Amino acid sequence: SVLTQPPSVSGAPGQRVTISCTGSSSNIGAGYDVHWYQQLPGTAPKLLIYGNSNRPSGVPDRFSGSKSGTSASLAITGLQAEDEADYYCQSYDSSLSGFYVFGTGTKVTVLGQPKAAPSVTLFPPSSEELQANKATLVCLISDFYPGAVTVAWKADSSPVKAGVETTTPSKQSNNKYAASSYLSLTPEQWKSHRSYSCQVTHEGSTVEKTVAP
Amino acid sequence: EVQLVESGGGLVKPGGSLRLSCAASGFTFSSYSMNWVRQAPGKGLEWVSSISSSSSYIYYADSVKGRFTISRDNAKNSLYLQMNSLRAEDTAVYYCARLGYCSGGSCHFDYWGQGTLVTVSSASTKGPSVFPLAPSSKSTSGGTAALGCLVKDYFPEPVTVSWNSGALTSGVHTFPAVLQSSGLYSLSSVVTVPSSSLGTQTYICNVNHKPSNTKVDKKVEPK
Amino acid sequence: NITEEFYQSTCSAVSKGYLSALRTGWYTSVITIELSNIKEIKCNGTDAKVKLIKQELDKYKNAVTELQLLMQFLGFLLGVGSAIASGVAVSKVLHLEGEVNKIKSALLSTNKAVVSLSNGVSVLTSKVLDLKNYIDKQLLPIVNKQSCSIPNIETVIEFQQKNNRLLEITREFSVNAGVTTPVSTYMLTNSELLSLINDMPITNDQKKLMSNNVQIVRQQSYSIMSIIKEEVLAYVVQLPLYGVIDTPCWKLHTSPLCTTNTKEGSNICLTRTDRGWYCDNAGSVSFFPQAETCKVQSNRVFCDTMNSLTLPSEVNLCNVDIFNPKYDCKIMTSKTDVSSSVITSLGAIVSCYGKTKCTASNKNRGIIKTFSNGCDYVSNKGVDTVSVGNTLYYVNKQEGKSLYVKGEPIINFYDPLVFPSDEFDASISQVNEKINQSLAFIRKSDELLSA
Amino acid sequence: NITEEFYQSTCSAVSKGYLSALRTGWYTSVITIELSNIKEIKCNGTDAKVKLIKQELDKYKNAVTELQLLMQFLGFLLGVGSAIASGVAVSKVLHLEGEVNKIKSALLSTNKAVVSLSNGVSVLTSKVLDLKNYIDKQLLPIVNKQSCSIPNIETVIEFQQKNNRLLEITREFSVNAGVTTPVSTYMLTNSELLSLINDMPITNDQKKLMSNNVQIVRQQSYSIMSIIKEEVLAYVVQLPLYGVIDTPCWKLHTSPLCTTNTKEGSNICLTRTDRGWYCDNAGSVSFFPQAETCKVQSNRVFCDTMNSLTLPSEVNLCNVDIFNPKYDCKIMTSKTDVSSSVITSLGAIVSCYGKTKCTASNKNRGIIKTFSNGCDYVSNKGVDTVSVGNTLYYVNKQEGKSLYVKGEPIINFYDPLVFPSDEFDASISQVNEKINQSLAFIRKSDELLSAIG
């Protein structure tokens with residue numbers, strides 16, 4: 001088994017946020033200590049809190065950790081934007097010759113700007129690509145926030161999950177987010193199905209666009 | 001003060017071999033246990049191999065036993081990881097990490113290196129394929145239309161895309177490329193332009209892929 | 001892979017290459033024994049086999065009654081701590097009401113299981129013997145009756161076997177007031193201990209370390225008697241857990257270094273005092289002045305940080321430069337030019353002064369080397385014995401390369417007119433300042449006499 | 001009812017509230033086992049049950065043959081006495097020919113009687129096991145005959161049980177040259193031992209104390225092998241006598257106190273040396289420098305006056321006034337400002353010097369306090385561990401209230417230019433005169449330098 005963390009945790013600057021790190025009887029329940037690591041995007045993960053509840057030198061006292069039973073928790077009181085990063089809890093499990101275990105990961109998203117609706121532009125396959133016996137549908141998503149989107153393509157009235165390649169959300173220059181998604185099809189499918197739809201869901205709201213010959 | 005420097009990573013085919021090197025400095029090296037921890041893109045962290053402070057105790061994660069060989073040279077402040085029969089699933093950033101001291105076992109990693117990228121795929125250098133993206137006034141705003149051109153099934157990174165020989169800069173949005181299951185990157189580049197200019201101004205996108213010495217221009221006309 | 005270097009100038013030798021296994025902390029473990037609340041034997045039959053069960057049963061009854069009554073060189077710089085404070089605090093937690101009951105439940109079906117205590121800590125527990133089940137289910141209903149019978153005498157022997165372990169554990173505690181060390185096979189069989197070590201919250205390397213050297217773990221463990229109530233006997237076992245492993249360790253042998261004048265009492269002596277064990281530890285050095293508190297298994301070193309000092313890495317200069325400016329190397333002085341010898345790991349040091357006869361010999365060829373007056377050295381390769389007058393020593397026959405590092409003995413640089421030969425716990429700067437302070441006064445005093 | 005006080009200025013702590021149980025004297029008791037002088041086994045029969053009795057009987061004969069051969073900080077100020085000298089004089093009296101006989105007579109009817117020896121002292125003697133009667137009345141007539149038979153194997157077991165106690169007693173004596181400590185349950189069972197304490201010529205309070213703490217008495221007792229003659233084996237048991245009980249006792253913990261200059265070689269240190277146990281006694285104070293020789297059960301203290309010094313009550317002033325004029329408090333000096341720690345009874349003292357990391361932590365919340373350079377203290381309330389660099393200690397979880405007595409470290413009053421940093425067994429006055437000796441030294445040299453020409 002492996003330690004459980006909720007993937008998305010969102011909060012405003014100055015709010016209080018907690019991270020649940022759920023273990024099992026083969027790691028924490030055996031008494032092993034828990035540690036936490038802060039990973040700024042694209043950077044090396046550095047130590048945030050060690051020994052369940054101790055902050056190393058040069059770690060703001062805003063971070064505090066707890067350990068009890070088979071669960072763990074990390075408290076970030078008075079959140080600031082320099083903490084938008086990935087956070088992992090770490091412990092030790094005794095099963096299968098022993099191995100250092102890590103958490104599933106917590107991406108903390110500091111809500112610094114209001115929620116932004118995803119902008120959807122949908123392109124059909126080029127007339128040139130139909131000449132080359134290929135088909136690519138381009139669904140462009142830009143200017144949304146937070147950086148979390150759901151990409152679902154629907155062919156006519158039915159959903160399709162085969163042949164989908166979706167970019168990861170990337171942060172734009174305006175500190176909003178962007179992402180794109182490409183759907184590969186055969187030219188026989190483009191004329192057979194009556195219409196194709198790109199359905200982008202984001203923060204409980206959904207924007208859907210459709211193209212046809 | 002404390003420093004860790006990874007090296008040796010790069011591209012190699014499935015089944016190939018790679019030896020990773022981590023040079024440390026600034027402290028008494030031969031006193032600490034060392035570890036390798038890796039991370040696939042968008043995935044969590046995974047411990048790989050452990051080595052005692054005098055090489056006396058070594059253990060591997062059950063995922064990689066028999067394929068990876070860890071070693072250390074306490075005189076050179078060096079840590080090596082020999083990786084054989086590498087697979088595409090191993091594609092990850094490999095981090096050099098030191099095992100700190102605790103009162104009673106189950107220690108933490110106090111200092112981490114900067115990591116080295118090891119990418120394994122059945123992949124060969126390829127040129128891009130370009131297709132135009134015909135516009136229409138659909139979802140956009142008053143008189144604004146989005147046109148562009150598609151760069152599909154190219155490898156490796158990067159690809160440079162300009163518009164009209166760089167003369168046009170206003171309203172350009174180039175999107176990050178997806179890594180398709182085939183092992184090829186694919187990106188798009190669109191520009192928002194006035195509705196009136198569709199029948200007047202000629203728009204050509206300039207793609208340049210210097211790894212292959214390939215420069216391609218694609219004219220995009222409406223349908 | 002063991003080495004050794006001898007420094008001619010400081011009359012001391014360093015043995016390098018060993019590996020560390022220092023006990024930084026303790027783990028507490030709880031042992032339970034299911035006992036049977038038994039009352040007076042009702043049966044009074046006149047059978048020899050029954051009589052044996054009676055008197056064997058009384059050994060059980062008295063043993064419980066016994067335990068039921070039970071619950072009513074530079075080492076002077078080291079710290080002083082209560083080693084068994086951890087086990088003590090645990091056994092006190094067992095006296096808490098309700099704690100005993102939740103234990104009996106957690107290991108009712110199975111044996112080894114983890115239990116969370118009232119304070120909130122998880123400790124490893126295991127059931128080792130069920131006498132309650134045997135006595136109450138197989139004997140107590142028989143003895144409760146007027147006339148009782150024992151048929152197969154093998155029944156008696158099987159009872160003697162099961163009950164014997166209890167009697168020897170009770171005897172151990174009665175002579176150690178509930179604190180025994182090392183931990184005997186009576187307290188815990190090797191099969192039981194490895195079930196603990198494998199289930200202990202320790203690293204894989206720690207598991208392999210303890211498992212290959214369990215007999216050392218026994219010596220660094222305490223068995224603390226806790227409580228005995230509610231038809232259960234329990235006692236806590238304090239186990240060492242080695243937080244520091246495989247750091248380079250080295251052992252320092254020292255011996256006196258003196259002058260070689262013919263006239264008795266005219267000699268002056270100097271001795272390096274910092275002998276003992278050294279091990280790297282977090283860029284610092286853990287030092288153990290009493291090497292007796294350390295055990296050696298092969299090339300491994302097992303010590304206790306309880307009897308350690310944490311020194312900076314610069315302390316090591318005392319071997320290769322006793323006159324460095326960063327660490328004042330501790331020594332002692334005397335006019336005691338007496339002959340003695342020190343056995344190292346790969347050889348022997350010899351301090352030969354006065355008219356003393358000092359030789360070293362081989363088991364096959366006899367005398368091989370005769371020493372000069374002063375401090376010399378010889379390696380164990382091909383040498384087996386060492387004689388200081390009539391006193392004889394044997395040398396360790398562990399293989400390894402030894403190196404004689406020549407250099408003029410440092411005692412030759414001291415003016416005997418100003419040597420403080422009456423200082424017992426001093427150091428280089430402390431004597432150098434004592435010499436410089438004592439040397440300056442006569443110089444001004446003499447000039448005053450001239451005019 | 002436990003207390004503890006820490007003096008910030010002397011880097012030492014005193015734990016009060018304990019009760020006394022000091023060993024003042026000895027009582028000697030004679031233990032006898034009735035043996036059967038058995039020699040040639042006549043029977044040579046072939047039978048499994050017979051074989052077991054024979055080879056068990058040889059263990060008895062071999063055991064007797066073994067015993068027959070057996071017949072013929074400031075601790076440096078303490079005295080030296082022969083602890084077992086009392087048993088020796090007794091066992092030598094047993095060597096008298098009539099003395100052995102008077103024992104067998106006194107214990108003919110019962111298993112316990114007081115015997116007046118030829119010297120004129122009354123000692124308690126008791127027989128604990130009768131092998132002579134079992135062997136000679138149940139075995140010797142059988143074995144003396146040509147063809148012998150044993151029916152029922154239980155006969156063999158019954159013999160092994162009675163004989164087993166002797167072999168473990170013989171085993172203990174053969175590796176300890178007739179002087180064992182503590183006294184084992186093989187040597188003396190609790191049922192037997194309590195019969196001694198109950199029958200001993202001591203006061204009821206002494207009886208109640210020994211009885212509730214028998215395991216302590218065992219460790220302070222010696223089992224002296226005496227003689228083995230006629231048809232009896234005897235060995236003397238030396239028991240401690242506690243003439244002083246319940247006087248208020250207190251324990252002194254000390255730790256080094258040094259300066260905190262940035263330059264390492266410039267620091268000077270001073271440490272109180274009189275750590276150990278103190279107990280009131282007839283307006284005087286018995287002092288025990290080696291607390292290892294003392295055992296504590298609950299809040300009672302068991303020590304031995306053998307390794308004690310008799311001090312005036314004014315020695316207590318060293319904790320409450322180290323510069324008092326009535327008792328010169330012993331100390332030592334050095335320039336060794338090394339980090340170390342001392343665990344007290346209700347807490348811990350910490351001496352933190354240089355850049356060593358010194359912290360104390362909780363089992364639940366982790367680190368709670370980080371120490372400054374110097375000598376500090378912390379109570380056991382809510383604190384469980386203490387770390388000095390890489391060295392880790394646990395703290396006692398005995399309950400009680402602790403009090404921090406704040407005060408400026410006394411080392412700040414000594415000029416290091418004249419500080420005698422090489423005194424190892426000194427005291428307040430011994431240090432001041434060494435300074436006054438050095439102060440006069442430069443001063444006359446200055447005065448001679450001042451009045452030249």
# chains A, B, ... in the order shown; residues from 1 in each chain; ligands from 1

call {"tool": "interface_residues", "arguments": {"of": "chain D", "to": "chain C", "cutoff": "7 Å", "atoms": "only C-alpha atoms", "output": "ChimeraX atom specification"}}
result
/D:154,182,184-185,212,215-216,218-219,340-343,389-397,422

call {"tool": "closest_atom_pairs", "arguments": {"of": "chain A", "to": "chain D", "cutoff": "8 Å", "atoms": "only C-alpha atoms", "output": "CSV"}}
result
residue,atom,partner,partner_atom,distance
A:51,CA,D:366,CA,7.1
A:52,CA,D:366,CA,7.3
A:53,CA,D:366,CA,5.6
A:54,CA,D:366,CA,6.2
A:66,CA,D:365,CA,7.6
A:67,CA,D:364,CA,7.9

call {"tool": "interface_residues", "arguments": {"of": "chain B", "to": "chain D", "cutoff": "10 Å", "atoms": "only C-alpha atoms", "output": "PyMOL selection string"}}
result
chain B and resi 101-103

call {"tool": "closest_residue", "arguments": {"among": "A:87, A:144, A:102, A:196", "to": "chain B", "atoms": "only C-alpha atoms"}}
result
A:102

call {"tool": "select_by_dssp", "arguments": {"residues": "region 80-130 of chain D", "states": "alpha helix (DSSP H)", "output": "ChimeraX atom specification"}}
result
/D:85-94,97-106

call {"tool": "write_last_selection", "arguments": {"atoms": "C-alpha atoms", "output": "PDB file, in the first residue's frame"}}
result
ATOM      1  CA  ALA D  85      34.522 -10.523  58.087  1.00  0.00           C
ATOM      2  CA  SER D  86      31.454 -11.206  60.239  1.00  0.00           C
ATOM      3  CA  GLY D  87      30.656 -14.454  58.432  1.00  0.00           C
ATOM      4  CA  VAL D  88      34.332 -15.448  58.520  1.00  0.00           C
ATOM      5  CA  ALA D  89      34.545 -15.288  62.315  1.00  0.00           C
ATOM      6  CA  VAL D  90      31.354 -17.365  62.491  1.00  0.00           C
ATOM      7  CA  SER D  91      32.380 -20.046  59.974  1.00  0.00           C
ATOM      8  CA  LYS D  92      35.686 -20.299  61.834  1.00  0.00           C
ATOM      9  CA  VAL D  93      33.721 -20.993  65.028  1.00  0.00           C
ATOM     10  CA  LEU D  94      31.914 -23.749  63.100  1.00  0.00           C
ATOM     11  CA  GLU D  97      34.513 -29.882  66.710  1.00  0.00           C
ATOM     12  CA  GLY D  98      31.911 -29.401  69.438  1.00  0.00           C
ATOM     13  CA  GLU D  99      30.267 -26.549  67.545  1.00  0.00           C
ATOM     14  CA  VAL D 100      29.074 -28.779  64.688  1.00  0.00           C
ATOM     15  CA  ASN D 101      27.572 -31.229  67.180  1.00  0.00           C
ATOM     16  CA  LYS D 102      25.651 -28.583  69.139  1.00  0.00           C
ATOM     17  CA  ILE D 103      23.967 -27.694  65.844  1.00  0.00           C
ATOM     18  CA  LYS D 104      22.738 -31.221  65.082  1.00  0.00           C
ATOM     19  CA  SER D 105      21.497 -31.513  68.664  1.00  0.00           C
ATOM     20  CA  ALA D 106      19.581 -28.230  68.584  1.00  0.00           C
TER      21      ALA D 106
END

call {"tool": "atom_distance", "arguments": {"atom1": "CA of residue 46 (chain A)", "atom2": "CA of residue 27 (chain C)"}}
result
29.6 Å

call {"tool": "select_by_dssp", "arguments": {"residues": "region 68-257 of chain D", "states": "strand (DSSP E or B)", "output": "compact mmCIF listing (two decimals) with C-alpha atoms, in the first residue's frame"}}
result
# COMPACT_ATOMS: atom_id res chain seq x y z
CA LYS D 112 14.72 -24.20 63.39
CA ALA D 113 16.42 -23.23 66.65
CA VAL D 114 18.72 -20.61 68.15
CA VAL D 115 22.13 -21.92 69.19
CA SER D 116 24.65 -20.39 71.58
CA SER D 122 23.24 -16.57 69.94
CA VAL D 123 22.74 -17.24 66.24
CA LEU D 124 19.73 -18.62 64.42
CA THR D 125 20.26 -21.94 62.66
CA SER D 126 17.92 -24.00 60.53
CA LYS D 127 17.87 -27.16 58.44
CA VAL D 128 16.33 -26.64 55.00
CA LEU D 129 16.56 -30.06 53.32
CA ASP D 130 16.88 -33.63 54.59
CA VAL D 179 31.03 -16.33 48.76
CA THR D 180 27.87 -15.60 46.75
CA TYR D 222 26.34 -12.80 51.50
CA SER D 223 26.12 -16.59 51.58
CA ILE D 224 29.31 -17.89 53.18
CA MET D 225 30.31 -21.52 52.76
CA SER D 226 31.48 -22.70 56.17
CA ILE D 227 32.09 -26.44 56.69
CA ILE D 228 30.79 -29.88 55.74
CA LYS D 229 31.50 -32.56 58.34
CA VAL D 232 25.73 -32.44 57.79
CA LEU D 233 26.53 -29.61 55.38
CA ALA D 234 26.46 -26.08 56.75
CA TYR D 235 26.95 -22.62 55.29
CA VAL D 236 26.53 -19.23 56.96
CA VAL D 237 24.19 -16.53 55.63
CA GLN D 238 25.23 -12.92 56.33
CA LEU D 239 22.24 -10.59 56.54
CA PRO D 240 22.22 -6.77 56.62
CA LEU D 241 20.92 -4.90 59.67
CA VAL D 244 18.73 3.76 60.85
CA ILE D 245 15.34 4.06 59.14
CA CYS D 249 17.36 11.61 52.58
CA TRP D 250 18.28 13.81 49.63
CA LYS D 251 20.17 13.29 46.36
CA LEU D 252 22.62 15.76 44.80
CA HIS D 253 23.00 15.97 41.01
CA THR D 254 25.84 18.09 39.63
CA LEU D 257 29.55 25.03 34.68

call {"tool": "residues_around", "arguments": {"residues": "region 157-166 of chain B", "least_positions_apart": "3", "cutoff": "10 Å", "atoms": "only C-alpha atoms", "output": "ChimeraX atom specification"}}
result
/B:125,127-128,148-149,151,154,169,172,174,177,184-191,202-211,214-217,219

call {"tool": "write_last_selection", "arguments": {"atoms": "C-alpha atoms", "output": "PDB file, in the first residue's frame"}}
result
ATOM      1  CA  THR B 125      14.498  12.372 -34.607  1.00  0.00           C
ATOM      2  CA  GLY B 127      10.467  16.477 -38.707  1.00  0.00           C
ATOM      3  CA  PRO B 128       7.129  18.160 -38.070  1.00  0.00           C
ATOM      4  CA  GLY B 148      -3.762  29.057 -37.065  1.00  0.00           C
ATOM      5  CA  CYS B 149      -1.770  26.061 -38.184  1.00  0.00           C
ATOM      6  CA  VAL B 151       2.313  21.123 -35.924  1.00  0.00           C
ATOM      7  CA  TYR B 154       7.222  15.853 -34.504  1.00  0.00           C
ATOM      8  CA  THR B 169       3.216  39.939 -32.669  1.00  0.00           C
ATOM      9  CA  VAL B 172      -0.394  35.432 -30.791  1.00  0.00           C
ATOM     10  CA  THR B 174       1.256  29.358 -28.967  1.00  0.00           C
ATOM     11  CA  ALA B 177       2.790  20.477 -26.898  1.00  0.00           C
ATOM     12  CA  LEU B 184       5.671  12.405 -30.562  1.00  0.00           C
ATOM     13  CA  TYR B 185       5.042  16.015 -29.578  1.00  0.00           C
ATOM     14  CA  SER B 186       2.338  18.132 -31.195  1.00  0.00           C
ATOM     15  CA  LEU B 187       1.567  21.826 -30.731  1.00  0.00           C
ATOM     16  CA  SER B 188      -0.674  24.503 -32.235  1.00  0.00           C
ATOM     17  CA  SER B 189      -0.291  28.233 -32.823  1.00  0.00           C
ATOM     18  CA  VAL B 190      -3.256  30.583 -33.306  1.00  0.00           C
ATOM     19  CA  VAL B 191      -3.670  34.337 -33.772  1.00  0.00           C
ATOM     20  CA  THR B 202      -2.259  36.969 -46.451  1.00  0.00           C
ATOM     21  CA  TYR B 203      -1.343  34.895 -43.363  1.00  0.00           C
ATOM     22  CA  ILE B 204       1.523  32.375 -43.439  1.00  0.00           C
ATOM     23  CA  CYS B 205       2.830  30.591 -40.346  1.00  0.00           C
ATOM     24  CA  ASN B 206       6.575  29.925 -40.214  1.00  0.00           C
ATOM     25  CA  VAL B 207       7.625  26.726 -38.432  1.00  0.00           C
ATOM     26  CA  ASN B 208      11.350  26.094 -37.918  1.00  0.00           C
ATOM     27  CA  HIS B 209      12.644  22.865 -36.342  1.00  0.00           C
ATOM     28  CA  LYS B 210      16.399  23.358 -36.062  1.00  0.00           C
ATOM     29  CA  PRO B 211      17.218  19.823 -34.754  1.00  0.00           C
ATOM     30  CA  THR B 214      13.474  21.819 -41.364  1.00  0.00           C
ATOM     31  CA  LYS B 215      11.716  25.119 -42.126  1.00  0.00           C
ATOM     32  CA  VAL B 216       8.105  24.883 -43.323  1.00  0.00           C
ATOM     33  CA  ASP B 217       5.595  27.590 -44.284  1.00  0.00           C
ATOM     34  CA  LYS B 219      -0.697  29.264 -45.905  1.00  0.00           C
TER      35      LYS B 219
END

call {"tool": "interface_residues", "arguments": {"of": "chain A", "to": "chain C", "cutoff": "8 Å", "atoms": "only C-alpha atoms", "output": "VMD selection string"}}
result
chain A and resid 29 to 32 68 to 69 94 97 to 98

call {"tool": "interface_residues", "arguments": {"of": "chain B", "to": "chain A", "cutoff": "7 Å", "atoms": "only C-alpha atoms", "output": "number ranges by chain"}}
result
B: 44-47, 61, 106, 108, 110-115, 131-134, 139, 175, 177-178, 180

call {"tool": "closest_atom_pairs", "arguments": {"of": "chain B", "to": "chain C", "cutoff": "12 Å", "atoms": "only C-alpha atoms", "output": "JSON lines"}}
result
{"residue": "B:26", "atom": "CA", "partner": "C:283", "partner_atom": "CA", "distance": 10.4}
{"residue": "B:27", "atom": "CA", "partner": "C:283", "partner_atom": "CA", "distance": 6.8}
{"residue": "B:28", "atom": "CA", "partner": "C:283", "partner_atom": "CA", "distance": 5.4}
{"residue": "B:29", "atom": "CA", "partner": "C:283", "partner_atom": "CA", "distance": 8.4}
{"residue": "B:30", "atom": "CA", "partner": "C:247", "partner_atom": "CA", "distance": 6.9}
{"residue": "B:31", "atom": "CA", "partner": "C:247", "partner_atom": "CA", "distance": 5.1}
{"residue": "B:32", "atom": "CA", "partner": "C:282", "partner_atom": "CA", "distance": 7.3}
{"residue": "B:33", "atom": "CA", "partner": "C:246", "partner_atom": "CA", "distance": 8.9}
{"residue": "B:50", "atom": "CA", "partner": "C:205", "partner_atom": "CA", "distance": 9.4}
{"residue": "B:51", "atom": "CA", "partner": "C:205", "partner_atom": "CA", "distance": 9.2}
{"residue": "B:52", "atom": "CA", "partner": "C:246", "partner_atom": "CA", "distance": 6.6}
{"residue": "B:53", "atom": "CA", "partner": "C:246", "partner_atom": "CA", "distance": 5.5}
{"residue": "B:54", "atom": "CA", "partner": "C:246", "partner_atom": "CA", "distance": 5.4}
{"residue": "B:55", "atom": "CA", "partner": "C:246", "partner_atom": "CA", "distance": 8.0}
{"residue": "B:56", "atom": "CA", "partner": "C:246", "partner_atom": "CA", "distance": 6.9}
{"residue": "B:57", "atom": "CA", "partner": "C:205", "partner_atom": "CA", "distance": 5.8}
{"residue": "B:58", "atom": "CA", "partner": "C:205", "partner_atom": "CA", "distance": 7.7}
{"residue": "B:59", "atom": "CA", "partner": "C:204", "partner_atom": "CA", "distance": 7.9}
{"residue": "B:60", "atom": "CA", "partner": "C:204", "partner_atom": "CA", "distance": 10.7}
{"residue": "B:61", "atom": "CA", "partner": "C:204", "partner_atom": "CA", "distance": 11.7}
{"residue": "B:74", "atom": "CA", "partner": "C:248", "partner_atom": "CA", "distance": 10.8}
{"residue": "B:98", "atom": "CA", "partner": "C:282", "partner_atom": "CA", "distance": 11.9}
{"residue": "B:99", "atom": "CA", "partner": "C:282", "partner_atom": "CA", "distance": 10.9}
{"residue": "B:100", "atom": "CA", "partner": "C:282", "partner_atom": "CA", "distance": 8.6}
{"residue": "B:101", "atom": "CA", "partner": "C:243", "partner_atom": "CA", "distance": 7.2}
{"residue": "B:102", "atom": "CA", "partner": "C:243", "partner_atom": "CA", "distance": 6.4}
{"residue": "B:103", "atom": "CA", "partner": "C:25", "partner_atom": "CA", "distance": 5.8}
{"residue": "B:104", "atom": "CA", "partner": "C:243", "partner_atom": "CA", "distance": 5.2}
{"residue": "B:105", "atom": "CA", "partner": "C:202", "partner_atom": "CA", "distance": 5.2}
{"residue": "B:106", "atom": "CA", "partner": "C:203", "partner_atom": "CA", "distance": 6.1}
{"residue": "B:107", "atom": "CA", "partner": "C:203", "partner_atom": "CA", "distance": 8.6}
{"residue": "B:108", "atom": "CA", "partner": "C:203", "partner_atom": "CA", "distance": 11.8}

call {"tool": "residues_around", "arguments": {"residues": "residue 78 (chain A)", "least_positions_apart": "3", "cutoff": "9 Å", "atoms": "only C-alpha atoms", "output": "mmCIF file with N, CA, C and O atoms, in the first residue's frame"}}
result
data_model
loop_
_atom_site.group_PDB
_atom_site.id
_atom_site.type_symbol
_atom_site.label_atom_id
_atom_site.label_comp_id
_atom_site.auth_asym_id
_atom_site.auth_seq_id
_atom_site.Cartn_x
_atom_site.Cartn_y
_atom_site.Cartn_z
ATOM 1 N N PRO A 13 -5.302 33.529 0.203
ATOM 2 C CA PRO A 13 -4.186 34.008 1.033
ATOM 3 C C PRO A 13 -4.675 34.438 2.408
ATOM 4 O O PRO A 13 -5.575 35.272 2.534
ATOM 5 N N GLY A 14 -4.075 33.857 3.445
ATOM 6 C CA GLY A 14 -4.482 34.110 4.810
ATOM 7 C C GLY A 14 -5.403 33.061 5.392
ATOM 8 O O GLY A 14 -5.683 33.107 6.595
ATOM 9 N N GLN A 15 -5.881 32.122 4.580
ATOM 10 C CA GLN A 15 -6.730 31.057 5.084
ATOM 11 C C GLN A 15 -5.883 29.998 5.779
ATOM 12 O O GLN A 15 -4.649 30.036 5.764
ATOM 13 N N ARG A 16 -6.565 29.044 6.400
ATOM 14 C CA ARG A 16 -5.920 27.913 7.046
ATOM 15 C C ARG A 16 -6.267 26.664 6.254
ATOM 16 O O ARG A 16 -7.438 26.440 5.928
ATOM 17 N N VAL A 17 -5.252 25.875 5.913
ATOM 18 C CA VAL A 17 -5.439 24.674 5.113
ATOM 19 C C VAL A 17 -4.736 23.500 5.781
ATOM 20 O O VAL A 17 -3.660 23.652 6.372
ATOM 21 N N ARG A 62 4.892 29.208 10.018
ATOM 22 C CA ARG A 62 3.530 29.024 9.542
ATOM 23 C C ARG A 62 3.195 27.563 9.265
ATOM 24 O O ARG A 62 2.022 27.186 9.336
#

call {"tool": "residues_around", "arguments": {"residues": "residue 147 (chain A)", "least_positions_apart": "6", "cutoff": "12 Å", "atoms": "only C-alpha atoms", "output": "PyMOL selection string"}}
result
chain A and resi 8-10+84+107-113+115-118+141+168-172+175-179+201-203

call {"tool": "residues_around", "arguments": {"residues": "region 7-13 of chain D", "least_positions_apart": "4", "cutoff": "8 Å", "atoms": "only C-alpha atoms", "output": "PyMOL selection string"}}
result
chain D and resi 252-257+271-272+319+344+349+375-377+404-410

call {"tool": "atom_distance", "arguments": {"atom1": "CA of residue 253 (chain C)", "atom2": "CA of residue 15 (chain C)"}}
result
8.1 Å

call {"tool": "atom_distance", "arguments": {"atom1": "CA of residue 169 (chain C)", "atom2": "CA of residue 196 (chain C)"}}
result
19.2 Å

call {"tool": "residues_around", "arguments": {"residues": "residue 12 (chain B)", "least_positions_apart": "6", "cutoff": "12 Å", "atoms": "only C-alpha atoms", "output": "ChimeraX atom specification"}}
result
/B:18-19,83-88,90-91,117-124

call {"tool": "decode", "arguments": {"residues": "region 120-133 of chain D", "atoms": "C-alpha atoms", "output": "short mmCIF file (atom, residue, chain, number, x, y, z; two decimals), in the first residue's frame"}}
result
data_model
loop_
_atom_site.label_atom_id
_atom_site.label_comp_id
_atom_site.auth_asym_id
_atom_site.auth_seq_id
_atom_site.Cartn_x
_atom_site.Cartn_y
_atom_site.Cartn_z
CA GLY D 120 28.94 -17.00 73.59
CA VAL D 121 26.77 -15.51 70.82
CA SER D 122 23.24 -16.57 69.94
CA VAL D 123 22.74 -17.24 66.24
CA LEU D 124 19.73 -18.62 64.42
CA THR D 125 20.26 -21.94 62.66
CA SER D 126 17.92 -24.00 60.53
CA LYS D 127 17.87 -27.16 58.44
CA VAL D 128 16.33 -26.64 55.00
CA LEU D 129 16.56 -30.06 53.32
CA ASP D 130 16.88 -33.63 54.59
CA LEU D 131 18.59 -35.96 52.14
CA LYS D 132 20.16 -38.16 54.84
CA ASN D 133 16.75 -39.42 55.96
#
